[PDB]
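Student: Structure provided below as structure tokens; questions to follow.
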Amino acid sequence: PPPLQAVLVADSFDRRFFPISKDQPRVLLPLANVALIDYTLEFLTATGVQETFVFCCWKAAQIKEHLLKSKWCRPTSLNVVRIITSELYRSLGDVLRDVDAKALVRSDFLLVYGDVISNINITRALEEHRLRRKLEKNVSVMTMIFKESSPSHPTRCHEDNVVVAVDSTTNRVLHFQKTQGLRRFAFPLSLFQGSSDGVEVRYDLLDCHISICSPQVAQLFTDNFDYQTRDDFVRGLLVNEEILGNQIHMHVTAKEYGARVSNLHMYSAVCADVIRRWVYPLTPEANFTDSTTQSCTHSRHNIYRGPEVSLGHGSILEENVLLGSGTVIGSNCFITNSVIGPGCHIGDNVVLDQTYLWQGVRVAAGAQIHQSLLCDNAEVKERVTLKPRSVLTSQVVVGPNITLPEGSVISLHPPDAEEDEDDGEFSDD
Amino acid sequence: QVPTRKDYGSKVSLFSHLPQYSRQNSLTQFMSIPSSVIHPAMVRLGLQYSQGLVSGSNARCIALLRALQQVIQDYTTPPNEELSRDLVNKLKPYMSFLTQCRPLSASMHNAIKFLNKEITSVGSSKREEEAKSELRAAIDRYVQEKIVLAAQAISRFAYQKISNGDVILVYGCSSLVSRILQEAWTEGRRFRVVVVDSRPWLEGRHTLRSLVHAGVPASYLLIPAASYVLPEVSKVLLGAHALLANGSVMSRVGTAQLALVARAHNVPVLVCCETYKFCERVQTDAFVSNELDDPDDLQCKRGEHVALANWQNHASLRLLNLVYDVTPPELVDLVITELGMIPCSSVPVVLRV
Amino acid sequence: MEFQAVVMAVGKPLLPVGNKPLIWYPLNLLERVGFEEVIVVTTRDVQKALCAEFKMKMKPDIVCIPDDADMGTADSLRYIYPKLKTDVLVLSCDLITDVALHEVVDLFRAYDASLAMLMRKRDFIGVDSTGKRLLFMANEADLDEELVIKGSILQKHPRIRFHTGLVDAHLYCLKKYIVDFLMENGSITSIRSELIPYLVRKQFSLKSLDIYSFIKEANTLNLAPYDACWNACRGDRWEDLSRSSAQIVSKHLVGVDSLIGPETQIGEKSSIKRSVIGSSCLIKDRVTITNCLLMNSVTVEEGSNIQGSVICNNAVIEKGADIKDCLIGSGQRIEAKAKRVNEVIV
Amino acid sequence: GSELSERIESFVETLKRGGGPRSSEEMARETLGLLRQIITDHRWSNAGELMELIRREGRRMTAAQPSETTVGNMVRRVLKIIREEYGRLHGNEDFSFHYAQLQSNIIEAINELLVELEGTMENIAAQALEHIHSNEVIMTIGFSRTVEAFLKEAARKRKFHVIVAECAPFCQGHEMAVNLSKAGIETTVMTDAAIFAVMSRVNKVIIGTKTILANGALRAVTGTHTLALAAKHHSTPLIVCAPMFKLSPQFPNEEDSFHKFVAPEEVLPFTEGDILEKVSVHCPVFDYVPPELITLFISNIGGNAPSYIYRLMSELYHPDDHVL
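Residue numbers (the UniProt record's numbering), protein chains in the order written: chain Y, 40 to 468; chain Z, 166 to 518; chain A, 1 to 11, 25 to 134, 155 to 238, 258 to 295, 342 to 444; chain D, 8 to 98, 119 to 351.
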């Protein structure tokens with residue numbers, strides 16, 4: 040049983056965190072005061088993975104610097120993250136091309152993205168996948184790891200839903216398609232025509248992007264120089280089943296958990312879903328990134344607490360908070376479902392709901408905040424109010440006596456936002 | 166004749182007086198496809214009971230009364246046999262068939278008692294049509310004045326006893342308590358609700374959805390964790406399948422445990438129930454008159470393979486799962502009815518007279 | 001009554030062609046489980062006399078009505094509607110199985126269904162995850178190479194196990210108001226083709261209309277082909293004996355497992371390869387097994403042996419019996435014929 | 008040698024991720040093997056430096072999994088061993124008065140402790156026969172291999188019914204009852220929603236426990252608080268069949284995260300759907316039995332009331348080691 044590689048392709052190439060990602064890659068956003076790269080690194084370590092050949096192109100300097108001050112840097116570790124960086128590639132296709140180049144892996148890696156949030160022990164799937172190999176001698180190329188969920192869960196936004204026509208006797212995939220604005224579907228009869236002994240149209244599956252693979256996946260990505268992702272990879276491999284079949288094999292795990300954030304929406308879900316211990320072991324206060332900055336103390340209603348918080352007087356914490364180090368909160372305050380971060384300084388009489396505060400932010404009095412991200416040091420003056428998903432990032436300020444509309448993406452760059460940084464709502468420069 | 170279905174598996178010693186059927190082998194496996202001996206309504210009704218497609222107390226009572234209206238409406242009076250007597254002597258085998266499918270809860274018992282007292286109060290001075298219309302209208306009015314207006318008055322009472330900021334606790338599925346919670350939330354009371362559910366008929370999720378799809382902040386947790394949340398609970402609000410004669414409220418298989426731990430942590434228990442579940446009988450504990458779900462359904466799919474798969478092969482092993490449990494009148498503090506907030510030991514003295 | 005077990009039969026004769034009366038088989042399956050009085054429907058294509066051969070039925074009580082030739086099952090039921098005053102349990106005359114029919118009726122009664130069919134392992158039927166309720170079914174007409182699955186049903190019943198090689202047993206416990214709808218509408222000429230797909234499709238039309265479909269591995273119905281009857285009687289030799343029995347035979351020859359009954363004169367040194375020794379058969383020579391069909395008025399001798407050759411009513415074959423899968427119809431006074439298993443016509 | 012470093016680190020990693028090894032006695036034996044390894048592969052000549060060393064690993068461990076009291080109090084006990092042997096040899120300050128002789132003595136004492144720790148199931152099992160008088164109905168709960176050994180030892184000379192609740196978060200009572208009936212005990216599985224209806228008909232309540240605090244009050248697999256509270260409403264005698272090392276010297280509300288909340292997936296699986304947005308699901312695995320419901324701890328020294336358990340602290344752990 041040779042070791043288990045893990046081709047951690049740690050830079051989501053299709054840009055969807057704008058303007059957020061322009062500062063630090065999404066692979067370094069703080070999910071709950073922890074970097075997504077660390078969540079996936081701890082996941083890969085948990086399932087017994089020797090090497091984690093993390094690949095990065097954009098801002099790879101920052102990622103390498105953050106991974107050198109990690110728990111996976113010191114050579115006593117078992118997950119020898121052998122970072123590898125180039126600027127050329129911009130798609131997982133190009134990344135598997137890079138794998139063809141350096142010929143790193145030898146068998147059975149895990150094409151994990153950078154932002155996977157999971158505790159999925161893949162030993163069962165790996166074992167039966169190697170049995171699938173040894174029986175019919177390597178035609179079974181990939182082996183995705185989907186999760187049984189329900190098509191109305193918040194971690195299934197109107198974008199990521201997938202429909203999979205899959206065999207049932209052996210969980211072999213037959214047809215895959217997204218649901219980016221459909222009301223019907225279409226399944227070529229080739230599935231049945233091959234073997235109509237029984238299929239299934241599974242649409243409770245949630246994509247998890249934990250694809251086991253093979254060196255043959257490197258071969259099949261270097262043969263077709265037009266493939267540009269894993270979605271498109273399987274979507275193009277599933278059609279030519281009679282020329283070197285190379286048949287995928289689905290897999291379900293119903294008791295585990297695993298997601299992959301791809302926007303502020305799915306990010307809100309996976310964050311305020313990690314707070315509720317849904318992914319345990321990888322809860323916050325386990326402090327798997329064993330550093331003194333965010334170690335935390337549980338409580339009723341999961342209202343966590345870091346060191347030196349010094350909450351106010353008569354301020355309540357309904358549920359699912361995660362206070363941070365040194366983050367003072369004034370009196371008569373009110374927080375709920377938020378995820379505060381290390382270093383904040385919240386005012387008095389403030390009200391926070393589902394909100395986010397990454398670090399250094401300085402929210403002021405009277406400030407009503409709901410369902411909104413607030414990235415690094417996005418200080419905020421008095422008598423403000425926000426509205427759903429009103430993400431304001433990157434040192435931006437907001438002046439006194441000022442509201443914001445519903446979807447208010449603002450930033451320090453005027454063009455990338457829908458506003459511009461200043462000490463006011465309008466007239467930012 | 167109407168046959169008698171077999172039992173399933175070796176029971177427990179102390180329960181050698183109770184029947185242990187099996188959801189799988191339905192009774193109508195040995196029945197006549199055209200509804201011969203038992204009216205089509207009653208055979209369908211019993212078939213869906215033994216299949217567990219009707220769960221609540223009020224659900225069972227209403228499914229029954231609909232079946233009975235179906236019988237009465239499509240009834241043919243035999244040659245020169247009196248209705249007042251042939252009707253009841255024809256309904257007796259249907260009752261035995263239902264009891265064969267799933268043992269009649271106290272609600273169905275009170276409904277049958279009332280219906281037989283109702284039929285046997287008609288004479289020969291009535292046509293078939295007028296008496297039948299009177300029976301159907303009387304059943305309609307019984308439903309509208311014992312399980313529809315009753316719930317109204319019960320909710321309007323238990324709303325005045327629900328103040329703000331107090332995490333009301335509940336148990337499993339129910340109809341009256343969910344109506345109470347949703348109505349009282351509509352009137353403005355900003356509380357929480359701590360749903361407690363049990364295995365294997367995880368009847369908590371029904372009230373869970375019917376709550377969270379109405380706004381109230383829920384918090385779902387299994388039953389072996391009651392002793393965790395009861396510190397901050399401020400009222401318990403249970404359901405009541407049967408209000409016995411001593412006051413010892415019989416209900417789903419865990420209400421006793423809950424009432425006990427919630428009297429230990431000192432949080433006042435309530436039981437809300439209408440004036441038609443006052444089962445005239447009385448019992449002491451939950452061993453003399455219960456049911457038994459098909460025990461083969463206990464086996465939980467935890468881990469990779471169930472530990473009770475070959476449940477029968479092991480000789481000494483003997484599953485069970487009761488269906489009813491009894492809170493004595495000491496652990497209980499409130500019985501809410503359309504008569505007011507009567508105390509649980511003054512059940513037989515007002516629910517009777 | 002709850003049910004009214006109407007039976008359909010739409011096209025020598027073709028309905029009662031077998032070891033025992035074929036229509037009796039559904040009639041017996043009706044009688045095994047209650048069902049005193051059971052409507053029937055006969056035709057005019059082959060004759061206005063099906064009933065005129067249905068008078069010796071060894072059953073306690075029946076009802077019979079004929080109709081025209083090219084009348085679809087939906088059209089026939091539409092016609093029969095006047096005497097159909099409750100739920101309906103359609104069937105088909107060419108159905109020969111050991112179905113635990115209590116089960117399908119249990120489905121219809123339990124779930125308060127609206128169309129309880131019966132299937133047994155072109156038509157793609159998407160059944161739900163529980164193995165019972167069905168949500169999709171369509172043939173290759175309304176679709177080229179794909180299966181448009183409406184998004185709502187997938188978002189409401191995610192797992193949908195499909196099934197292809199499912200021989201429909203053509204049982205359909207409908208409900209009354211379905212038949213009322215069928216009587217008002219007229220653009221429908223087959224329940225199994227244009228109504229049942231319509232009900233499946235409109236199942237998400258609250259007071260919805262469920263629809264269920266039990267599956268099993270027990271036994272089939274006799275489809276259209278003259279061929280399937282062979283394997284039908286093949287399995288039936290063993291099936292029917294569960295209730342040969344009494345006949346007039348020679349009791350000398352060597353062979354079992356075929357049509358063994360009265361109304362024939364045979365000799366000895368003869369085998370029976372699941373063949374058809376029907377009515378008025380006669381073979382007196384040293385004949386052997388044939389694994390073929392010998393219908394009414396049979397006659398063969400001089401070393402008679404066949405291999406699947408259908409010999410219909412009025413059978414007289416002699417002059418060097420060499421027969422193989424070569425069907426020859428009525429008026430079969432054909433002897434000198436080296437029959438081949440190549441393309442042959444009756 | 009860095010081999011000790013990698014071993015300790017793998018150990019604490021396994022403790023954070025998921026129980027290793029599973030059997031509590033096996034985890035105590037592994038903890039002791041590791042602690043012995045520290046006393047053979049590090050740099051120390053004093054006793055104070057070794058106490059600081061042991062505290063520097065014990066803090067890491069008892070802060071890894073706050074509900075792994077086994078390894079915590081095992082470190083406490085090796086500290087007590089250090090105190091005792093250093094004090095008896097040399098002798119309040121610890122000085123490097125002498126050398127390896129002390130280390131040989133420490134290794135010998137740890138070997139003795141480990142030998143007493145590996146043969147405790149058999150001790151309690153031999154102590155059973157005196158307790159399970161024939162024709163009882165012994166109500167266990169959960170799956171505690173000490174209680175299974177106890178009962179399938181006592182039922183080699185008597186006969187008695189055995190109710191067994193199953194823990195409803197995730198059912199292990201099933202496996203205990205299956206292992207029991209493979210010895211013929213006439214056992215009765217049931218979900219623990221019915222601990223109060225089928226308690227009046229119980230004679231003696233035999234429960235394991237994960238950890239005994241120093242009130243006597245314990246921390247045991249969930250739903251055992253309500254079982255004890257019922258079996259005290261019905262005044263049946265509890266029996267906490269716990270060996271002596273499942274004994275941490277903390278005190279009931281002197282510990283945060285007393286319980287151990289696991290992924291709420293087991294209580295309301297993810298397959299559920301939308302309603303998983305507005306529900307705070309709690310899956311407490313361990314519950315806090317107060318000390319006045321218990322009656323009789325059955326430890327490897329014999330039976331003991333709860334009011335003797337405090338004395339065991341004074342005879343097993345040093346009073347300045349209750350903070351590790």
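Just so you know, even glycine gets a beta-carbon here, dropped at the ideal spot from N, CA and C.
(1) Taking C-beta pairs closer than 8 Å, name the residues in chain Z that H286(D) reaches, listed in chain order.
(2) Tell me, please, whether the CB atom of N329(Z) is closer than 8 Å to any CB atom in chain D?
(3) Indicate whether at least one CB of chain Y lies closer than 8 Å to the CB of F266(A).
(4) For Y152(Y), count the other beta carbons within 10 Å of its own beta carbon; 16 or more makes it buried, fewer makes it exposed. Which is it?
(5) Give me the chain Y residues within the contact set of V350(D), using Cβ-Cβ distance strictly less than 8 Å, ordered along the chain.
(6) Tell me the rounded alpha-carbon separation between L362(Y) and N119(D).
(7) Sort out for me which residues DSSP pairs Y395(Y) with in a bridge.
(8) Can you give the Cα-Cα distance for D347(D) and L265(D), rounded to whole angstroms?
(9) To which residues does DSSP link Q407(Y) through a beta bridge?
(10) Whole angstroms are fine: how far does the CA of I409(A) sit from the CA of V352(A)?
(11) Measuring straight from C-alpha to C-alpha, what distance separates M181(Y) and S146(Y)?
(12) Are there 16 or more other CB atoms within 10 angstroms of the CB of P168(Z), so buried, or fewer, so exposed?
(13) Please confirm whether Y385(Z) and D314(D) have their CB atoms less than 8 Å apart.
(14) By a C-beta neighbour count over all protein chains shown, 10 Å radius and 16 as the cutoff for buried, is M71(A) buried or exposed?
(15) Would you list, in sequence order, the uninterrupted alpha helix (DSSP H) runs of no fewer than 4 residues that lie entirely inside the segment 380-430 of chain A?
(16) Nearest chain Y C-beta to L180(A) closer than 8 Å, yes or no?
(17) Determine, for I193(A), whether the minimum Cβ-Cβ distance to residues of chain Y falls below 8 Å.
(18) So, using beta-carbon positions, are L423(Z) and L376(Z) closer together than 8 Å?
(19) Find out if the Cβ-Cβ distance for the pair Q345(A), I358(A) is shorter than 8 Å.
(20) Curious, which full-length beta strand (DSSP E) runs of at least 3 residues does the segment 190-242 of chain D contain?
(21) Taking the continuous alpha helix (DSSP H) assigned at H290(Y), which residues delimit it?
(22) Buried or exposed: which applies to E293(Z), given that a residue is buried once 16 or more other Cβ atoms fall within 10 Å of its Cβ?
(23) Output needed for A436(A): all residues of its chain with C-beta closer than 8 Å, excluding positions within five of it in sequence on either side, in chain order.
(24) So, does the CB of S12(D) fall closer than 8 Å to a CB anywhere in chain Y?
(25) Would you mind sorting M305(Y) into buried or exposed? The rule is 16 or more other CB atoms within 10 Å of its CB.
(26) Cβ closer than 7 Å: which chain A residues qualify as neighbours of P227(Y)?
(27) Per the DSSP calculation, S326(D) is bridged to which residue(s)?
(28) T79(Y) and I184(Y): beta carbons closer than 8 Å?
(29) Which same chain residues, not among the five before or five after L485(Z), have their C-beta less than 6 Å away from its C-beta?
(30) Counting only beta-carbon separations shorter than 8 Å, does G184(A) have a partner in chain Y?
(31) In angstroms with no decimal places, state the Cα-to-Cα distance between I168(D) and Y266(Y).
(32) Comparing C-alpha positions only, which one of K183(A), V233(A), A126(A) and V160(A) sits nearest to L102(A)?
(33) Would you identify the three-state DSSP class for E283(Z), choosing helix, strand or coil?
(34) Where does the unbroken beta strand (DSSP E) through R170(Z) begin, and where does it stop?
(35) Consult DSSP for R299(Y) and reduce its assignment to one of helix, strand or coil.
(36) Under a Cβ-count criterion, where at least 16 other Cβ atoms within 10 Å of its own Cβ denotes burial, should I249(Y) be classed as buried or exposed?
Tutor: Inspection of the coordinates gives the following:
(1) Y393
(2) no
(3) no
(4) buried
(5) Under the 8 Å cutoff, chain Y gives no residues; its nearest Cβ is about 16 Å from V350(D).
(6) 42 Å
(7) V378(Y)
(8) 32 Å
(9) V390(Y) and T424(Y)
(10) 22 Å
(11) 12 Å
(12) exposed
(13) no
(14) exposed
(15) none
(16) yes
(17) yes
(18) no
(19) yes
(20) 214-218 and 231-234
(21) Counting along the chain, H290(Y) falls outside any alpha helix (DSSP H), and DSSP gives it neither H nor E.
(22) exposed
(23) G418 and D420
(24) yes
(25) buried
(26) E178 and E179
(27) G329(D)
(28) no
(29) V177 and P460
(30) yes
(31) 57 Å
(32) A126(A)
(33) helix
(34) Here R170(Z) belongs to no beta strand (DSSP E), and DSSP marks it neither H nor E.
(35) strand
(36) buried
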